[PDB]
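For the numbers below, each heavy atom of this structure counts, side chains included, while hydrogens, waters and symmetry mates do not. Residue numbers begin at 1 in each chain, while the letters A, B, ... track the order of the sequences.
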Number of protein chains: 2
Amino acid sequence: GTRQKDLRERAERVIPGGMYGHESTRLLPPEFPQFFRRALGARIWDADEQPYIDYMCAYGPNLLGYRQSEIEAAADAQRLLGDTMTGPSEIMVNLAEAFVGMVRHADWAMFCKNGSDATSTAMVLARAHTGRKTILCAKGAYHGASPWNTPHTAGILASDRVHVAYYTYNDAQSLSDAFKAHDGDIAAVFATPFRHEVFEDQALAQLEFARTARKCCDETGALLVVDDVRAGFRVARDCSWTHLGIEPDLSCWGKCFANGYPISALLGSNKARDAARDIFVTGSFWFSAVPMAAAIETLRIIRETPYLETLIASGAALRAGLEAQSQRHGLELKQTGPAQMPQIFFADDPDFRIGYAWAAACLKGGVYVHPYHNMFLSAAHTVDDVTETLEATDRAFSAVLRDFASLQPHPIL
Amino acid sequence: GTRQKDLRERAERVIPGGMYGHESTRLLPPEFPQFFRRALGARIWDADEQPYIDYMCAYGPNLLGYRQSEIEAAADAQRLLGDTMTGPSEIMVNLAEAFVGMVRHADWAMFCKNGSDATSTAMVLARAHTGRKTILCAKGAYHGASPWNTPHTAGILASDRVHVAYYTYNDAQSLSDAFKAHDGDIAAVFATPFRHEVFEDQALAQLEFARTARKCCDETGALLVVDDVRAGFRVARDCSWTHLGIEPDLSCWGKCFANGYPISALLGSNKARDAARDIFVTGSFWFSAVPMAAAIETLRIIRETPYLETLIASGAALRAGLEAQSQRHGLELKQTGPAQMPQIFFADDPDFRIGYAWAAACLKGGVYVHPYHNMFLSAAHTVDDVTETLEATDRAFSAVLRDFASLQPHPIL
Ligand SMILES: *Cc1c(COP(=O)(O)O)cnc(C)c1O
Ligand SMILES: [Mg+2]
Ligand SMILES: [Mg+2]
């Protein structure tokens, strides 16, 4: 990787550590490229023009395929009109109508940039609404990288999160107890719609857990907040708890509802409308029309096409394939969570040395898979993509067995 | 008009209060349109296709003109390659090199979405760097709408800002005293490069204030942070304190350095590089290429063209024109701050009833000016635009004189 190497030398001079945040390759095998040149459909190309079938989907945003022609057409049409203007475009009204119409629990929407903006807004809203302090979150749940919730706490004060308290995800007793430990002071419960965290097996939400969240919120006046930034529109065409029959008061959305254009949302029921008006949240870029035009067209496609069934079928095929290959090579997998947003670990691999080696070996076959973070399917992944993926993964299992003696854990990890 | 009324009716249903944040027309005279259709150069068109010469410049981002063709071509070129991908584009390196090369105090850059992202990152970085808690800000200075700094505190806890302390802007003794009041506990000083706040006259930064900030930071090891999100690239082609001979440790940038594309930055010296690596900040959209391509082209135009001299000359002409005009009509204006980012109030107008009537009367003449928030000039405003503007302001001054006895203050204000 001549170009990659040049880019990494230069990057370290002018970017702290060469790169930062969730897309940094600091904790990945060294074979993983940091910098890319182009993307299309379900593929990315690194700086040295090596293609990869992309199972990160840009860490969520690529729902329908990179440079999907209908969304790029809608964005083009709005770009001729205006983007970041002295006021929002009229199409802000159309977007809020569309999004509110699709989400059964919601009567209103607010638009922002980052998913962290929507979760932070939900936190402040809930405190305004209830006049209480305590925000309940699941231990280890990722809701953004603000001082109140960032998972690494360099430069974070105890005071930044003194009124955040924790429960065990999928543990109805734990959540009940959390309500009583801060009796009378719960502003909100935040829940992701399933367990989707790094270095950990995924798990679907348990019905009893979700019901208890809704019932405790009901009995106390606390707001139920579903954080759908990650799973939104890959579980359902509505809030990801729709199939449990549990409606939140607020839901947070982002990543993929404009297929890569930067826009996030807070959706809320009429119960929370007054508090939403009382709080002050804004940003320079929150009223920009082009991301809103992309979102309108993405949401239309979500409503009008079998995008969801398509990307689930691709996910299921990959999962079945990997199960068969794992048995054949005698290397047991743990494929957890929904097949369309899979976590694919090795059984009995506590320092991840097997998973790391397998993921790196998949790069050589032109497949990008991730050894510690959940993956994603797009509606642009084809049957041929899955077939070619499985040829790469087959070779990767062989390469891991061939080298098995010499496998090492990642130093930094 | 008719379209505007329909949109406001529809907006109220699906958006809390029908709109929110800085771009809400809540506190403006009712003639101000909320929703727009298009923008080009120095003009915006509301939903009823009425054009205005725009002196808000989208509340800062429109530095070079809406849909500036060279920036749009650079954005097009990148859009054919890739935008939001599994990793950043190689052009992130080019951007960082360019921005670092232009900013004398800076050795590295980090990119995010919101200006609030950059200011929050600088806060967390300073705490990590120093191991101290206290952040010093000027009373009433706007640094974003995060829980630690948001100007309206519905849903905000005392604990959200218990380690933020305040000084009086442009009062060196006040700042020096705030250092001593938290002796050995100052992580950072934040300062905007001039006073630019709503409902208040603007004021340029005093040299002795800026030197005291630098010297107290030098003596204590606190980081000096200049918040250049609003003023950046309308004062200078570097950090807005360049002409005072004062270099900060960190500077925050946003709004206009990609001419409307959503991107913000934190620029830092090597002193702060280790802390920058230690903290965890990220966002789904922070590594998107197309705003970075727009930023590279905007920065080139900033370096290679007389854009700054152009918008300063336009601002200077408008200011001299309005001074002469107001005097002829027997009304005194208070035109404060740089001519290129002016606050234009009336003398002896404590409840803004005069300023509000005047601003409203300007709208009728195809001029968008703001009675409580600073305005902005773009390099796309021409001498003829200013000439046409002064014809409309003439009729506005006459309308104010005519209706003078019947002026009433804004209800909600
Ligand atoms: C607008 C502004 C910010 C915040 O930027 P957003 O993009 O709105 O989050 C920060 N500092 C100053 C001086 C500003 O004017
Ligand atoms: Mg609804
Ligand atoms: Mg420099």
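Using a 4.5 Å cut-off on side-chain heavy atoms (C-beta onward), A/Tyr66 and B/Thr86 make contact. B/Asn94 places a side-chain heavy atom less than 4.5 Å from the side chain of A/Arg10. Under the 4.5 Å side-chain criterion, counting only non-hydrogen atoms from C-beta, B/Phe280 is in contact with A/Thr150.
Between chain A and the options B/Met110, B/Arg13, B/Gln4, the largest number of non-hydrogen pairs under 4.5 Å is found for B/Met110. Taking chain A as the reference chain and counting heavy-atom pairs below 4.5 Å, the highest number among B/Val100, B/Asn114, B/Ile156, B/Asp54 is found for B/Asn114. Top candidate by heavy-atom pairs under 4.5 Å with chain A, chosen from B/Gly82, B/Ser159, B/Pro88, is B/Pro88. If you tally non-hydrogen atom pairs under 4.5 Å between each of B/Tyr52, B/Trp45, B/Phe111, B/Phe99 and chain A, the highest count goes to B/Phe111. Ranked by heavy-atom pairs shorter than 4.5 Å toward chain A, the options B/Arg79, B/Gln78, B/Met56 are led by B/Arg79. Between chain A and the options B/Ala128, B/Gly87, B/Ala145, heavy-atom pairs under 4.5 Å are most frequent for B/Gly87. Put simply, of A/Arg38, A/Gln34, A/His129, the one with the most heavy-atom pairs under 4.5 Å next to chain B is A/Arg38. Of all the listed residues (A/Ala109, A/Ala47, A/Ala11, A/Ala276), the one sharing the greatest number of non-hydrogen pairs under 4.5 Å with chain B is A/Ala109.
The contact list for residues 262-272 of chain B toward chain A, using heavy atoms and a distance under 4.5 Å, reads B/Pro262, B/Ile263, B/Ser264 by residue number. At a heavy-atom separation below 4.5 angstrom, chain A is approached by B/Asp117, B/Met123, B/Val124 within residues 116-124 of chain B.
For a residue to count as touching a neighbouring chain, one of its non-hydrogen atoms must lie under 4.5 Å from one of that chain's; by this rule B/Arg67 touches chain A with the side chain only. Interface residue B/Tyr20: backbone and side-chain heavy atoms are both found under 4.5 Å from chain A. Of the atoms belonging to B/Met19, it is side-chain heavy atoms, and not backbone ones, that fall under 4.5 Å from chain A. With a 4.5 angstrom heavy-atom cutoff, A/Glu12 touches chain B only via backbone atoms. Using a 4.5 Å cut-off between heavy atoms, B/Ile44 touches chain A through its side chain atoms alone. With a 4.5 Å cut-off on non-hydrogen atoms, A/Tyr261 touches chain B through its backbone and its side chain both. If you measure heavy-atom distances from B/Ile279 to chain A, the contacts under 4.5 Å come from both the backbone and the side chain. Interface remark: B/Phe285 contributes side-chain atoms only to the contact with chain A (heavy atom separation under 4.5 Å). With a 4.5 angstrom heavy-atom cutoff, B/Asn62 does not touch chain A via any of its atoms.
Note that the CG atom of B/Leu7 and the CD1 atom of A/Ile91 stand 11.5 Å from one another [nearest 0.5 Å]. Annotation: the span from A/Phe36 atom CZ to B/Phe287 atom CZ amounts to 12.5 Å, rounded to 0.5 Å. A distance of 11.0 Å separates CG of A/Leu40 from CG of B/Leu80, quoted to the nearest 0.5 Å.
The main-chain N or O of B/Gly21 is never found under 3.5 Å from a side-chain atom of A/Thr282 such that the two would form a donor-acceptor pair. A donor-acceptor pair under 3.5 Å is formed between the side chain of B/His152 and the backbone N or O of A/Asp278.
Among all heavy-atom pairs drawn from A/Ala58 and B/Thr84, the shortest one is CB-O, 3.3 Å. Between B/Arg273 and A/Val14 the shortest heavy-atom distance is NH1-N, 4.3 Å. When every heavy atom of B/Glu23 is checked against every heavy atom of A/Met85, the shortest pair comes out as OE1-O, 3.4 Å.
The side chain to side chain donor-acceptor pair (under 3.5 Å) with A/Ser284 is formed by just one residue from the set B/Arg230, B/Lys255, B/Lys113, B/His22; it is B/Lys255.
Side-chain contact annotation: B/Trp148 with A/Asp160, donor-acceptor N/O pair under 3.5 Å absent.
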For this session: Give the C-alpha distance, both sets of side-chain angles, the deciding distance and a yes or no for salt bridge (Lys or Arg N to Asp or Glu O under 4.0 Å) between B/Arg3 and A/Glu90.
Result: CA-CA 9 Å; B/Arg3 299 261 349 280; A/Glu90 61 187 7; 2.6 Å; yes
